[PDB]
Amino acid sequence: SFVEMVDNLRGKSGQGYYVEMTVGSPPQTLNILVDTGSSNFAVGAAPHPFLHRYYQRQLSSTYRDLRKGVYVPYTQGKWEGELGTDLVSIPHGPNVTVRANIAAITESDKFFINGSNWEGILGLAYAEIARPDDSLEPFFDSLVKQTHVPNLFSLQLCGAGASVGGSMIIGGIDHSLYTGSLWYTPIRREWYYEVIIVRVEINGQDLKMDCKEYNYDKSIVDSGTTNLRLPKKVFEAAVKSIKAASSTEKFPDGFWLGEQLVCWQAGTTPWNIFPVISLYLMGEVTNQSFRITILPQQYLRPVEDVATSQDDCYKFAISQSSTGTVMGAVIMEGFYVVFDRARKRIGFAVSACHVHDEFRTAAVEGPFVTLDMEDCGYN
Ligand SMILES: CCCCNC(=O)[C@H](C)C[C@H](O)[C@@H]1C[C@H](C)CCCCCN(CC)C(=O)c2cc(OCC)cc(c2)C(=O)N1
């Protein structure tokens, strides 16, 4: 019984997906970015030039100070604040209210985004990576412990159609939101949502790297990062192959770094020259894997043309990483992703809001046979 949570996510392209939440008594409404890459629930609690509203602890009668400070650094951005607890609910989520830890953000650096329409972050990953330490219970843990909500959620992130939308199904799977079968990959370790990539193909050709390189030093599923982020060695190989496949057209080197945009006359984007990327994930049974296939419509993110919006302009949404693979929003978009915490696995299926290429199609396909998959995890 999940129809009430369908379409409960909003956002702007490249600025994250948010869900509406309320904090305190009486309830204060805030838009909260959904981040499977972290584990702290934090909200702006002091004025900031990019915040249209913030959490006012003095107006909540159920607020409780924990008299302990907190700091969270991310790959990009950081904030510091004061810890406390309060009553939290999700208007378009389960009909429950829980007491959860809340970090009241008092100072921040490159965290809030001008005009994003969100004021806080909901870290949905595990306690192991919560700050200041893993004794700070994350929100979803509190939700499961205090109510009957099952220990899982799913994310259906939909692309354009600059507005963006989607669904966060709290406590289950909504079968009307995907087609075909769900394919599951083990959660390697409960800290980030860590997975193991066992093979990479571009336009059907194996990159033929040591599969440890794909997971160096980890691979995570992260709704709070836009791009697909790849370790240096993998990024270089992927860009070389993508450049070769599209070499009939000229792009500035700044394009391949995410610095400059590429444009084409409206409706003439040469999709056919950009390859499909297949990520093979470790499966549920011995020597078995499955693949998810990414179309160029996912890793060429449309950007609104600031000048004369007569052209279709895009940014390369694959970037280099020094902290492992990050399967960001552009990978998740077009798939229905099940964070099955109870069974320690992540499921993928083709989304009902999938990308529409005229001759190619995003897919989740299996089974494949893959020997020695555990050797692909980095130690
Ligand atoms: C300390 C405990 C664990 C911390 N976890 C992490 O740091 C994760 C690995 C990352 C988080 O998901 C982390 C979450 C992030 C703050 C949410 C608010 C800002 C979203 C910005 N945005 C729009 C959607 C991006 O696209 C983007 C771009 C980035 O690089 C640009 C060069 C980095 C990150 C995000 C990023 O850092 N996103």
# chains A, B, ... in the order shown; residues from 1 in each chain; ligands from 1

$ residues_around --residues "residue 35 (chain A)" --least-positions-apart "3" --cutoff "10 Å" --atoms "only C-alpha atoms" --output "VMD selection string"
chain A and resid 16 to 18 32 38 to 41 121 to 125 221 to 225

$ write_last_selection --atoms "N, CA, C and O atoms" --output "short mmCIF file (atom, residue, chain, number, x, y, z; two decimals), in the first residue's frame"
data_model
loop_
_atom_site.label_atom_id
_atom_site.label_comp_id
_atom_site.auth_asym_id
_atom_site.auth_seq_id
_atom_site.Cartn_x
_atom_site.Cartn_y
_atom_site.Cartn_z
N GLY A 16 20.17 17.37 -6.88
CA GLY A 16 19.71 16.38 -5.92
C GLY A 16 18.19 16.24 -5.87
O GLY A 16 17.44 17.12 -6.28
N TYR A 17 17.76 15.10 -5.33
CA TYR A 17 16.36 14.79 -5.11
C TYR A 17 16.01 14.99 -3.64
O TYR A 17 16.76 14.58 -2.75
N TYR A 18 14.84 15.58 -3.38
CA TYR A 18 14.44 15.83 -2.00
C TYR A 18 13.02 15.33 -1.76
O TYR A 18 12.20 15.22 -2.68
N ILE A 32 14.10 17.82 2.25
CA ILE A 32 15.30 17.10 2.70
C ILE A 32 15.85 16.27 1.55
O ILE A 32 15.16 15.39 1.02
N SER A 38 25.46 8.75 2.78
CA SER A 38 25.84 9.16 4.13
C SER A 38 24.75 8.69 5.09
O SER A 38 23.75 8.11 4.68
N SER A 39 24.96 8.96 6.39
CA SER A 39 24.11 8.39 7.43
C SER A 39 23.65 9.39 8.47
O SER A 39 23.10 8.98 9.50
N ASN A 40 23.85 10.68 8.26
CA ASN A 40 23.38 11.68 9.21
C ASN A 40 22.14 12.37 8.65
O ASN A 40 22.06 12.64 7.45
N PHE A 41 21.18 12.61 9.54
CA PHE A 41 20.03 13.46 9.26
C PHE A 41 20.38 14.84 9.81
O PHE A 41 20.59 15.00 11.02
N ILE A 121 19.46 17.19 4.79
CA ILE A 121 19.92 15.97 4.14
C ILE A 121 19.48 14.79 4.99
O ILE A 121 19.50 14.85 6.22
N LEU A 122 19.03 13.74 4.33
CA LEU A 122 18.63 12.50 4.99
C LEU A 122 19.63 11.43 4.56
O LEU A 122 19.53 10.89 3.46
N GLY A 123 20.60 11.15 5.42
CA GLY A 123 21.54 10.08 5.16
C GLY A 123 20.93 8.71 5.44
O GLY A 123 20.61 8.38 6.59
N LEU A 124 20.78 7.91 4.40
CA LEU A 124 20.08 6.63 4.49
C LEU A 124 21.03 5.44 4.59
O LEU A 124 20.55 4.30 4.62
N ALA A 125 22.34 5.67 4.64
CA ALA A 125 23.30 4.58 4.78
C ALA A 125 23.41 4.18 6.25
O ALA A 125 22.65 4.63 7.10
N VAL A 221 26.56 2.82 -4.06
CA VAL A 221 25.36 3.33 -4.69
C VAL A 221 24.96 4.60 -3.94
O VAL A 221 24.69 4.56 -2.74
N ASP A 222 24.93 5.74 -4.64
CA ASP A 222 24.84 7.03 -3.95
C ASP A 222 23.87 7.97 -4.66
O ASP A 222 24.24 8.63 -5.64
N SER A 223 22.65 8.07 -4.12
CA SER A 223 21.65 8.99 -4.67
C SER A 223 22.03 10.46 -4.49
O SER A 223 21.44 11.31 -5.16
N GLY A 224 22.98 10.77 -3.61
CA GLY A 224 23.39 12.13 -3.32
C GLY A 224 24.53 12.67 -4.15
O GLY A 224 25.06 13.75 -3.85
N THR A 225 24.95 11.94 -5.17
CA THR A 225 25.93 12.40 -6.13
C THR A 225 25.29 12.29 -7.51
O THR A 225 24.64 11.28 -7.81
#

$ residues_around --residues "residue 259 (chain A)" --least-positions-apart "4" --cutoff "9 Å" --atoms "only C-alpha atoms" --output "ChimeraX atom specification"
/A:253-255,315-316

$ write_last_selection --atoms "C-alpha atoms" --output "tab-separated table (two decimals), in the first residue's frame"
chain	number	residue	atom	x	y	z
A	253	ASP	CA	38.94	18.53	-23.72
A	254	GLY	CA	37.12	20.61	-21.12
A	255	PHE	CA	33.97	18.73	-22.09
A	315	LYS	CA	27.41	18.06	-19.71
A	316	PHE	CA	29.50	14.87	-19.50

$ atom_distance --atom1 "atom 2 (C, counted along the ligand's line) of ligand 1" --atom2 "CA of residue 378 (chain A)"
19.7 Å

$ residues_near_ligand --ligand "ligand 1" --cutoff "9 Å" --atoms "only C-alpha atoms and all ligand atoms" --output "JSON, numbers by chain"
{"A": [12, 13, 14, 15, 16, 17, 33, 34, 35, 36, 37, 38, 39, 40, 71, 72, 73, 74, 75, 76, 77, 78, 110, 111, 112, 113, 120, 121, 122, 123, 125, 128, 129, 130, 131, 132, 191, 192, 220, 221, 222, 223, 224, 225, 226, 227, 229, 319, 320, 321, 323, 326, 328, 329]}

$ select_by_dssp --residues "region 225-362 of chain A" --states "strand (DSSP E)" --output "MDAnalysis selection string"
chainID A and resid 228:231 262:265 277:282 288:294 300:303 311:316 318:321 325:327 335:340 345:351

$ residues_around --residues "region 344-348 of chain A" --least-positions-apart "5" --cutoff "8 Å" --atoms "only C-alpha atoms" --output "PDB file with N, CA and C atoms, in the first residue's frame"
ATOM      1  N   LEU A 182      13.416  -7.960 -10.938  1.00  0.00           N
ATOM      2  CA  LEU A 182      14.441  -7.337 -10.124  1.00  0.00           C
ATOM      3  C   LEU A 182      15.651  -8.256 -10.077  1.00  0.00           C
ATOM      4  N   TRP A 183      16.836  -7.678 -10.225  1.00  0.00           N
ATOM      5  CA  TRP A 183      18.084  -8.419 -10.074  1.00  0.00           C
ATOM      6  C   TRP A 183      18.830  -7.871  -8.860  1.00  0.00           C
ATOM      7  N   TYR A 184      19.313  -8.764  -8.004  1.00  0.00           N
ATOM      8  CA  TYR A 184      19.887  -8.355  -6.730  1.00  0.00           C
ATOM      9  C   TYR A 184      21.389  -8.594  -6.683  1.00  0.00           C
ATOM     10  N   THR A 185      22.095  -7.637  -6.093  1.00  0.00           N
ATOM     11  CA  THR A 185      23.512  -7.733  -5.824  1.00  0.00           C
ATOM     12  C   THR A 185      23.737  -7.629  -4.317  1.00  0.00           C
ATOM     13  N   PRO A 186      24.671  -8.400  -3.750  1.00  0.00           N
ATOM     14  CA  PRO A 186      24.853  -8.359  -2.297  1.00  0.00           C
ATOM     15  C   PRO A 186      25.380  -7.010  -1.849  1.00  0.00           C
ATOM     16  N   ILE A 187      24.922  -6.568  -0.682  1.00  0.00           N
ATOM     17  CA  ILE A 187      25.592  -5.464  -0.006  1.00  0.00           C
ATOM     18  C   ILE A 187      26.850  -6.059   0.626  1.00  0.00           C
ATOM     19  N   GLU A 190      27.957  -3.338   5.428  1.00  0.00           N
ATOM     20  CA  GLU A 190      26.940  -2.348   5.798  1.00  0.00           C
ATOM     21  C   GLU A 190      27.623  -1.106   6.368  1.00  0.00           C
ATOM     22  N   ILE A 292      23.539  -4.108 -15.721  1.00  0.00           N
ATOM     23  CA  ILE A 292      22.704  -2.948 -15.988  1.00  0.00           C
ATOM     24  C   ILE A 292      23.376  -2.165 -17.109  1.00  0.00           C
ATOM     25  N   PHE A 335      16.222   3.342 -13.476  1.00  0.00           N
ATOM     26  CA  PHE A 335      16.096   2.051 -12.826  1.00  0.00           C
ATOM     27  C   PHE A 335      15.292   2.232 -11.546  1.00  0.00           C
ATOM     28  N   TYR A 336      14.645   1.154 -11.134  1.00  0.00           N
ATOM     29  CA  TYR A 336      13.992   1.080  -9.840  1.00  0.00           C
ATOM     30  C   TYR A 336      14.972   0.366  -8.922  1.00  0.00           C
ATOM     31  N   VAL A 337      15.416   1.023  -7.853  1.00  0.00           N
ATOM     32  CA  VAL A 337      16.515   0.492  -7.039  1.00  0.00           C
ATOM     33  C   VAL A 337      15.991   0.165  -5.644  1.00  0.00           C
ATOM     34  N   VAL A 338      16.124  -1.094  -5.241  1.00  0.00           N
ATOM     35  CA  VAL A 338      15.598  -1.572  -3.968  1.00  0.00           C
ATOM     36  C   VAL A 338      16.754  -1.710  -2.991  1.00  0.00           C
ATOM     37  N   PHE A 339      16.706  -0.942  -1.901  1.00  0.00           N
ATOM     38  CA  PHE A 339      17.709  -1.026  -0.837  1.00  0.00           C
ATOM     39  C   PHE A 339      17.156  -1.972   0.226  1.00  0.00           C
ATOM     40  N   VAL A 364      18.273  -4.360 -17.567  1.00  0.00           N
ATOM     41  CA  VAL A 364      18.806  -5.125 -16.435  1.00  0.00           C
ATOM     42  C   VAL A 364      18.646  -6.577 -16.850  1.00  0.00           C
TER      43      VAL A 364
END

$ atom_distance --atom1 "CA of residue 206 (chain A)" --atom2 "CA of residue 249 (chain A)"
23.8 Å

$ closest_atom_pairs --of "region 16-50 of chain A" --to "region 55-67 of chain A" --cutoff "12 Å" --atoms "only C-alpha atoms" --output "JSON lines"
{"residue": "A:21", "atom": "CA", "partner": "A:55", "partner_atom": "CA", "distance": 11.3}
{"residue": "A:22", "atom": "CA", "partner": "A:55", "partner_atom": "CA", "distance": 9.5}
{"residue": "A:23", "atom": "CA", "partner": "A:55", "partner_atom": "CA", "distance": 7.6}
{"residue": "A:24", "atom": "CA", "partner": "A:60", "partner_atom": "CA", "distance": 4.9}
{"residue": "A:25", "atom": "CA", "partner": "A:60", "partner_atom": "CA", "distance": 4.7}
{"residue": "A:26", "atom": "CA", "partner": "A:60", "partner_atom": "CA", "distance": 6.1}
{"residue": "A:27", "atom": "CA", "partner": "A:60", "partner_atom": "CA", "distance": 7.9}
{"residue": "A:28", "atom": "CA", "partner": "A:55", "partner_atom": "CA", "distance": 7.0}
{"residue": "A:29", "atom": "CA", "partner": "A:55", "partner_atom": "CA", "distance": 8.5}
{"residue": "A:30", "atom": "CA", "partner": "A:55", "partner_atom": "CA", "distance": 7.8}
{"residue": "A:31", "atom": "CA", "partner": "A:55", "partner_atom": "CA", "distance": 10.9}
{"residue": "A:32", "atom": "CA", "partner": "A:55", "partner_atom": "CA", "distance": 11.6}
{"residue": "A:42", "atom": "CA", "partner": "A:55", "partner_atom": "CA", "distance": 9.8}
{"residue": "A:43", "atom": "CA", "partner": "A:55", "partner_atom": "CA", "distance": 6.6}
{"residue": "A:44", "atom": "CA", "partner": "A:55", "partner_atom": "CA", "distance": 6.1}
{"residue": "A:45", "atom": "CA", "partner": "A:55", "partner_atom": "CA", "distance": 4.5}
{"residue": "A:46", "atom": "CA", "partner": "A:55", "partner_atom": "CA", "distance": 7.4}
{"residue": "A:47", "atom": "CA", "partner": "A:55", "partner_atom": "CA", "distance": 9.6}
{"residue": "A:48", "atom": "CA", "partner": "A:55", "partner_atom": "CA", "distance": 11.8}

$ closest_residue --among "A:2, A:271, A:126, A:140" --to "residue 177 (chain A)" --atoms "only C-alpha atoms"
A:2

$ atom_distance --atom1 "CA of residue 115 (chain A)" --atom2 "CA of residue 53 (chain A)"
12.0 Å

$ residues_around --residues "residue 362 (chain A)" --least-positions-apart "4" --cutoff "8 Å" --atoms "only C-alpha atoms" --output "PDB file with N, CA, C and O atoms, in the first residue's frame"
ATOM      1  N   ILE A 292      23.539  -4.108 -15.721  1.00  0.00           N
ATOM      2  CA  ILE A 292      22.704  -2.948 -15.988  1.00  0.00           C
ATOM      3  C   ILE A 292      23.376  -2.165 -17.109  1.00  0.00           C
ATOM      4  O   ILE A 292      24.605  -2.018 -17.127  1.00  0.00           O
ATOM      5  N   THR A 293      22.586  -1.703 -18.069  1.00  0.00           N
ATOM      6  CA  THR A 293      23.117  -1.003 -19.229  1.00  0.00           C
ATOM      7  C   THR A 293      22.677   0.454 -19.194  1.00  0.00           C
ATOM      8  O   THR A 293      21.486   0.746 -19.026  1.00  0.00           O
ATOM      9  N   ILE A 294      23.645   1.353 -19.371  1.00  0.00           N
ATOM     10  CA  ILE A 294      23.465   2.797 -19.271  1.00  0.00           C
ATOM     11  C   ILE A 294      23.514   3.373 -20.676  1.00  0.00           C
ATOM     12  O   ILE A 294      24.471   3.122 -21.417  1.00  0.00           O
ATOM     13  N   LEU A 295      22.484   4.153 -21.044  1.00  0.00           N
ATOM     14  CA  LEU A 295      22.447   4.821 -22.337  1.00  0.00           C
ATOM     15  C   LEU A 295      23.121   6.179 -22.245  1.00  0.00           C
ATOM     16  O   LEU A 295      23.210   6.767 -21.156  1.00  0.00           O
ATOM     17  N   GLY A 334      16.169   5.978 -14.328  1.00  0.00           N
ATOM     18  CA  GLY A 334      15.781   4.955 -15.274  1.00  0.00           C
ATOM     19  C   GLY A 334      15.793   3.541 -14.722  1.00  0.00           C
ATOM     20  O   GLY A 334      15.429   2.609 -15.447  1.00  0.00           O
ATOM     21  N   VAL A 350      14.337  -2.397 -14.536  1.00  0.00           N
ATOM     22  CA  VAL A 350      14.009  -1.308 -15.446  1.00  0.00           C
ATOM     23  C   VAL A 350      12.836  -0.522 -14.881  1.00  0.00           C
ATOM     24  O   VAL A 350      11.805  -1.095 -14.511  1.00  0.00           O
ATOM     25  N   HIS A 354      11.709   5.106 -17.791  1.00  0.00           N
ATOM     26  CA  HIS A 354      13.015   4.775 -18.332  1.00  0.00           C
ATOM     27  C   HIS A 354      13.343   5.690 -19.499  1.00  0.00           C
ATOM     28  O   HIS A 354      12.482   6.380 -20.045  1.00  0.00           O
ATOM     29  N   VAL A 355      14.620   5.680 -19.885  1.00  0.00           N
ATOM     30  CA  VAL A 355      15.060   6.493 -21.008  1.00  0.00           C
ATOM     31  C   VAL A 355      14.572   5.870 -22.306  1.00  0.00           C
ATOM     32  O   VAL A 355      14.573   4.642 -22.467  1.00  0.00           O
TER      33      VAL A 355
END
